[PDB]
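Before any questions on how it binds or moves, here is one chain, the form deposited in one PDB entry, in structure tokens.
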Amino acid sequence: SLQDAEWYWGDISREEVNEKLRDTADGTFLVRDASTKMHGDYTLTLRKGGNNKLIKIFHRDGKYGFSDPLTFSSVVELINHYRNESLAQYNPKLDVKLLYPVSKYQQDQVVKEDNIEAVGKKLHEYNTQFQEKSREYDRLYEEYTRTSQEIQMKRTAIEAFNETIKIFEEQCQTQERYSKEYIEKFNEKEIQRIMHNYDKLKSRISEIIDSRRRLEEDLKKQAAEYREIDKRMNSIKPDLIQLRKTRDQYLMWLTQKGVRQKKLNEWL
């Protein structure tokens, strides 16, 4: 019972706890070995949304306890009770139970293929797919970032386009003032070549608008694909999670029957 206990992983240090408690929710729990015996004995760890709560199990006169409620004749004794009830009665701000015993030895899936070698081959399949997925994700994450900056360059260009157009409109305004202030004289020679200036000026304000428009039409084109990348990013993201989470369980059911810590890196 005690070594099995289902939720007892013993010699896992502080890290592989939070790393096995990563991304579950509410009331999830599991028991640890304490780090020093110049410290305590076992550690109950809770989960309270992203925050990991650490509770000390003290073992003295055959008694196991958090504090003085030492009556609780076993490690395995003390836990059960609190899977049924709240910890709030021990200390106020602890209004959660141990309802989620998430520690299920991961024989739930993993295709139950007793092979070990076959289970390891799966491990490789999933781990490649993962990496394939992580790169697609990554490629996309970057396309997104470029496209964000390329949109905002297009926005300021649009602005600079408008600004330019103002300066030019202003310009053929400015002139009309001084231009049709001279048209009064008899000399229509000079007038002709004042019309030329005026007529360069307007077909230019035409060209410029033709160019801003052309760019607004590409801002939408971009804003489109930008939407697309986001769509596809959010579509990879959930797949990258369950692929990733099944790769944690295959790696567990392996190091459950026979460690071989070093052998694994061939399937990764």
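When you see a residue number, it is the position in the sequence shown, counting from 1. Note that the rigid core is defined as the largest set of C-alphas that superpose within 1.5 Å between two forms.
In what follows, reference is made to the form deposited in another entry, a form of this protein that is not presented.
Participant: Let me spell it out: fit the two forms on their rigid core, measure each listed C-alpha, and pick the one of 197, 171, 162, 131 that moves 2 Å or more between this form and the one not shown. Which is it?
Facilitator: Shifted by 2 Å or more: 131 only.
Participant: Would you say residue 56 moves its Cα by 2 Å or more between this form and the one not shown, aligning on the core?
Facilitator: No, the C-alpha moves less than 2 Å.
Participant: Does residue 224 count as moved between this form and the one not shown, where moved means a C-alpha shift of 2 angstroms or more after fitting the rigid core?
Facilitator: It does not, since the residue 224 C-alpha is displaced less than 2 Å between this form and the one not shown after the core fit.
Participant: Is residue 41 among the residues whose Cα moves by 2 Å or more between this form and the one not shown after superposition of the rigid core?
Facilitator: Not so; residue 41 is displaced by less than 2 Å.
Participant: Taking the cut-off of 3 Å or more as given, in which direction does the distance between the C-alpha atoms of residue 15 and residue 35 change in the other form, closer or farther?
Facilitator: More distant in the other form, by 3 Å or more.
Participant: Distance change of 3 Å or more between the C-alpha atoms of residue 37 and residue 71 in the other form: closer or farther compared with this structure?
Facilitator: Those two alpha carbons end up farther apart in the other form.
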